[PDB]
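Protein chains in written order, with the authors' numbering: chain UK, 1 to 108; chain CI, 1068 to 1115; chain CF, 7 to 126; chain UX, 41 to 88; chain CD, 319 to 371; chain CA, 64 to 114, 123 to 313; chain UC, 591 to 648; chain CT, 68 to 77, 82 to 202.
Notes follow once the structure below has been shown.
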Amino acid sequence: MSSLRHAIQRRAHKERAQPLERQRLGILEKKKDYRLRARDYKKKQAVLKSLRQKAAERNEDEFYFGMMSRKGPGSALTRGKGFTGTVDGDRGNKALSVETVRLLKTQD
Amino acid sequence: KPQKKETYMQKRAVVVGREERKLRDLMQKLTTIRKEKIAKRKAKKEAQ
Amino acid sequence: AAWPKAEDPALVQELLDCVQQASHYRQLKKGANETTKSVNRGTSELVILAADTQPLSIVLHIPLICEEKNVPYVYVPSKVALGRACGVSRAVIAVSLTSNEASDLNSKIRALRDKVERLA
Amino acid sequence: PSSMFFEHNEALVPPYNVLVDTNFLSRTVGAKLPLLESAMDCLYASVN
Amino acid sequence: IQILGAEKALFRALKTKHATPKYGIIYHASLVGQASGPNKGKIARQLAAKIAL
Amino acid sequence: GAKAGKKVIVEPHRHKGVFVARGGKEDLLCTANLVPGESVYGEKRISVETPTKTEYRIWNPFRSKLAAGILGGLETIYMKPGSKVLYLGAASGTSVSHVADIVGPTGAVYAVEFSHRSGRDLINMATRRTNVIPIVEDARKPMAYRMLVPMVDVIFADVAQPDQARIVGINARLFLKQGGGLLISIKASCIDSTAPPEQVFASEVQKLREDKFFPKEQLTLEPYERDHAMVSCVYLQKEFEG
Amino acid sequence: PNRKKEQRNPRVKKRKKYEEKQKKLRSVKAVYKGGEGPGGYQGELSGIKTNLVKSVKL
Amino acid sequence: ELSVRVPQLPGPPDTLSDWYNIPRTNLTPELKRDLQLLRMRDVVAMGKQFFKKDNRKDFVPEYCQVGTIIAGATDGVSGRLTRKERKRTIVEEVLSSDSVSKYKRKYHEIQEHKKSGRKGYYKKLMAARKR
């Protein structure tokens, strides 16, 4: 049980460190750090597998009405060197009319 | 996309004073300490 | 002027005996300003006021705060006897004896303030 | 409630207030047992 | 002369790029008190120019 | 502490007429001052210059059992602005000023005091506030002020008497509407000095129920006063107004 | 096993158990603990919450 | 006697009728700083004084009014802020108070704990490998 064990039965076992001749390579990854690494990789691969399923089973004739108010991801040919697959969003700025810029420049 | 050119509404911004920057820095420090304290309290309550 | 005056038959001496008991128990405030401060801080359970005071307006000003805070007050007829009962070596005209959460004096306090509430 | 120190009711001091249910009352008449006398002999104190 | 007296709001607005006050002491004259709406500010301008002359 | 000159903001409470002024390190309770620019008993008050005449007055819970009950968390206090309140046990008019400041100019507070010098202080503060009328009479005999008190909506009862339930019973039989709100402040050491306070409170609630009230809330206002309770009850109904 | 300096004395253990169970009581109910101090009323020193009803609904 | 009338025909309430007309919040940036300070007043007194955890989604109430304590007539020697301490906002009073160094110390401990292993650590590991 738990009362049938001495304090030397309860005593913790210490963890060894990376050798000092090899400490420049980083920390010695043990089971806990390996579990963190494996959890992060399995999570990222699960998201990527779901994205690959969604890109495979895509209707080529789909029509949402946000397509008339968004700029598409395009291709590398149409966009150019600045091509990421992400749809570009708006930063909030807008082209500003001349009367309001006349007001702002009088204030400045 | 992070904008690289500087817009006119960024060029015409008023340089803020010293007292308002001290109040801004104090509000930054208080909000960070509040967020860390809230995360610690929520972790303790989740353990219980 | 002192309408809740204590009468003779073994009520004045019960009051002064409880006063001496509380003064031994260190649960008692002496003098007009200390009675006033104890009533205004609300720790007072009962307050004894002398009635033989040269001009009586002092032990007339204390009953207003006692009636506002609703604590019992009662007049004993001798400030010399009140000072002798407290153990002061001076004449005391106002005595307020406070409340504590654990004592055996509080039974005497409770019976005394029941008799005083019947006197009023 | 006041006078409760961690499932110890300090409000109950003699004379004890005792609520009586119909099952207790039918069985204390059935067992030839006087009600207030047996309650006082159980608690060693004055009940109402 | 249009914004004499409204100098606190004036220099606050000029330093924070807000909109300046339209009038100052001139508001409690007779001739700017008959107008209503934006004609109040227009009459304040015209009255301040005539006051300067 | 809550020093003079600190800036506070004043938000409304859950109750009507009461506000809570919070700021910095101390949140306090306040009521809108009826006569602005003057304190009754030397309390801290709160001036706000609206974009002058607006002032709020701080409500001491250690001095007044109603503010002690409000900070304890009563479900309602029955006194909206414009409701008549019969105050029994209006000793010197300290909390009666805050009740009058709650009920406002269109309400009325009938403040009954028995002693005479407390009556002088009450007549002074009711000279200041024109909606509290002072009645120097014994609350045990409500035939004295039946010309003065019309049928009120709320009764406050802060009398420290052993016959407190009978006093409130006859006063509410004479001057309380059908379904009338009242708040009674019970002091266990003055009701029954020998018995435990929870048993004293249950006995007083049972006596009110025999005297035709229906009790709906009860709190022991403990961090402000020892062995005190505040019992809220409705006269002759289950709901408050109708 | 190794036991505590508190456990070697049965009175001091029952002193520290009472000090921490009187401490756990203040976190549930409200103790009186003296009225207003000598300084007066410095405000309700730890918050006022408006939407909280703490009365025993009879 | 009896005159021609003036014809005056051309949402949420402005003033509360039941609370003696508290005006609606003019949500200035200083009042917004004050309200953020009031929801963070547990952090301001750094553990010396804890507060009732009132955490709604919006900290700005609908009706507020920024006022000032005037005077308690019984206490006026130490319960009264001096002329060099009566400041304009509440945040200015917090900044004029002490323990601003205490806030900065706690902020720098949080900043070390949050820069503990994120990306400068990995830049240092990559440089030590490449050397």
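All residues carry an ideal CB built from backbone N, CA and C; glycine is no exception.
Check	Outcome
Can you name, in chain order, every residue of its own chain whose Cβ lies under 8 Å from the Cβ of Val-98 (chain CA), other than the five neighbours on each side?	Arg-199 and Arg-200
DSSP state of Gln-75 (chain CT), grouped into three classes?	coil
In the DSSP output, what is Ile-109 (chain CA) paired with across the bridge?	CA:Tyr-127 and CT:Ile-140
Under 7 Å between C-beta atoms, does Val-180 (chain CA) make it to chain UC?	no
At a threshold of 6 Å, does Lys-70 (chain CA) count as lining the ligand NAP (C-beta to nearest heavy atom)?	Within the structure as shown, the ligand NAP is missing, as the structure has no ligands at all.
Select from CF:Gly-89, CF:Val-53, CF:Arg-124 and CF:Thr-59 the residue whose C-alpha is nearest the C-alpha of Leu-70 (chain CF).	CF:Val-53
In angstroms with no decimal places, state the Cα-to-Cα distance between residue 226 (chain CT) and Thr-96 (chain CT).	There is no way to answer for residue 226 (chain CT), as the model of chain CT reaches only from 68 to 202.
Which runs of the alpha helix (DSSP H) spanning at least 4 residues fall entirely within the region 26-104 of chain CF, listed in chain order?	38-46, 64-75 and 85-92
So, using beta-carbon positions, are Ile-129 (chain CA) and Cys-93 (chain CA) closer together than 7 Å?	yes
Counting Cβ pairs closer than 8 Å, one from the region 331-343 of chain CD and one from the region 356-363 of chain CD, do we hit at least three?	yes
Provide the residue span of the alpha helix (DSSP H) that contains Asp-81 (chain UX), from first to last.	75-83
On a CA-only basis, which of CA:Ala-259, CA:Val-207 and CA:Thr-177 is nearest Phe-185 (chain CA)? Give me that one, please.	CA:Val-207
Note down, in chain order, each residue of its chain lying with its Cβ closer than 6 Å to the Cβ of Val-271 (chain CA), except the 5 sequence neighbours on either side.	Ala-259, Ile-262 and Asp-263
Since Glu-89 (chain CA) is in the beta strand (DSSP E), which residue starts that stretch and which ends it?	89-95
Do we get a CB-CB distance below 7 Å when we pair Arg-35 (chain UK) with the residues of chain CT?	no
Mind the definition here: the region 211-227 of chain CA touches the region 87-96 of chain CF only if three or more C-beta pairs lie below 8 Å; say whether that holds.	no
How big is the Cα-Cα spacing for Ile-68 (chain CF) and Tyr-134 (chain CT)?	44 Å
When you compare the CB of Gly-48 (chain CF) with every CB in chain UC, is at least one pair closer than 7 Å?	yes
Answer yes or no: does any C-beta atom of chain UC fall closer than 7 Å to that of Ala-259 (chain CA)?	no
From which residue to which residue does the beta strand (DSSP E) around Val-225 (chain CA) run?	223-228
Cβ of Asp-129 (chain CT) less than 7 Å from any chain UC Cβ?	no
Do the region 55-65 of chain CF and the region 95-103 of chain CF make contact, defined as three or more Cβ pairs closer than 8 Å?	yes
Using a Cβ-Cβ cut-off of less than 7 Å, give me the residues of the region 98-129 of chain CT that come near chain CA, in sequence order.	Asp-105, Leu-109, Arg-112, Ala-116 and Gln-120
I want to verify the contact list: residues of chain CA whose CB lies under 8 Å from the CB of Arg-151 (chain CT), in sequence order.	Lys-66, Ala-67 and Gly-68
Assuming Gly-630 (chain UC) and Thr-145 (chain CT) are in contact, meaning their beta carbons sit under 8 Å apart, how far apart are those beta carbons, in whole angstroms?	7 Å
Within 10 angstroms of the Cβ of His-179 (chain CT), are there 16 or more other Cβ atoms? Answer buried if so, exposed if not.	exposed
Check whether chain UK comes within 7 Å of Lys-335 (chain CD), counting only Cβ atoms and requiring the distance to be less than that.	yes
Does the beta-carbon of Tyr-306 (chain CA) have 16 or more other beta-carbons within 10 angstroms, so that it is buried, or is it exposed?	buried
Kindly indicate which three-state DSSP category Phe-311 (chain CA) falls into: helix, strand or coil?	coil
Please compile the residues from chain UC whose C-beta is within a distance smaller than 9 Å of the C-beta of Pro-41 (chain UX).	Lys-619 and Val-646
Can you check the region 124-194 of chain CA for any alpha helix (DSSP H) of at least 4 residues that lies completely inside it and give the ranges in chain order?	136-143 and 166-174
Do you know offhand how far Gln-60 (chain CF)'s Cα is from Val-180 (chain CA)'s?	40 Å
Output needed in chain order: residues of the region 251-281 of chain CA with a Cβ under 9 Å from some Cβ in chain CF.	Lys-258, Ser-260, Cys-261, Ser-264 and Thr-265
Chain CF partners of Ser-168 (chain CA), CB-CB under 7 Å?	Under the 7 Å cutoff, chain CF gives no residues; its nearest Cβ is about 13 Å from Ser-168 (chain CA).
Tell me where the alpha helix (DSSP H) around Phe-246 (chain CA) begins and ends.	235-246
Taking the C-alpha atoms as reference points, what is the distance between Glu-57 (chain UK) and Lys-49 (chain UK)?	12 Å
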